[PDB]
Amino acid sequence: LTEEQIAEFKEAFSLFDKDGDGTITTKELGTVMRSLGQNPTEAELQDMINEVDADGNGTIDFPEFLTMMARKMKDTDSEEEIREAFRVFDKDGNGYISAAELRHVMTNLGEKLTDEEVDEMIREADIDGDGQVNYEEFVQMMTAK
């Protein structure tokens, strides 16, 4: 995480940590959201806290806030990159990569596959057997560790 990022996250934390004690509680989170409209319930509030409280100690600290903000930024970044990667293949933008599309993409990028190898590449990813690669199928390819 850059200084820039941390500093944005510092401000975001401050907004919720009304008293500045380094910790965000449910009362605090209510008071702030009410200072701003919102009107949520002690149910809603307890959950929001639990979803982020890694150590279970009952409130959110900056380290835990930071982990949550990092994950969400990384998650979104990945999603947007994978969508972009998909468009490099899905030439006509219809949501499916056909064998024909893959083959011509291969030629454009200066790669060298035979037609049977193009088919292997489609089959590899084609979880549902329709003979094409949709977006979720593609994600598994780009996610492979």
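One rule holds for the numbers: they count along the sequence shown, beginning at 1.
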query: Which of 40-48 and 95-103 has higher mean CA B factor, as the PDB entry lists it; finding: 40-48
query: 31-39 versus 104-112 - which carries the larger mean C-alpha B factor in the record; finding: 31-39
query: Maximum C-alpha temperature factor, selected from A54, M69, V118, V88; finding: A54
query: Member of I122, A12, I24, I127 with the greatest C-alpha B factor (per the PDB record); finding: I127
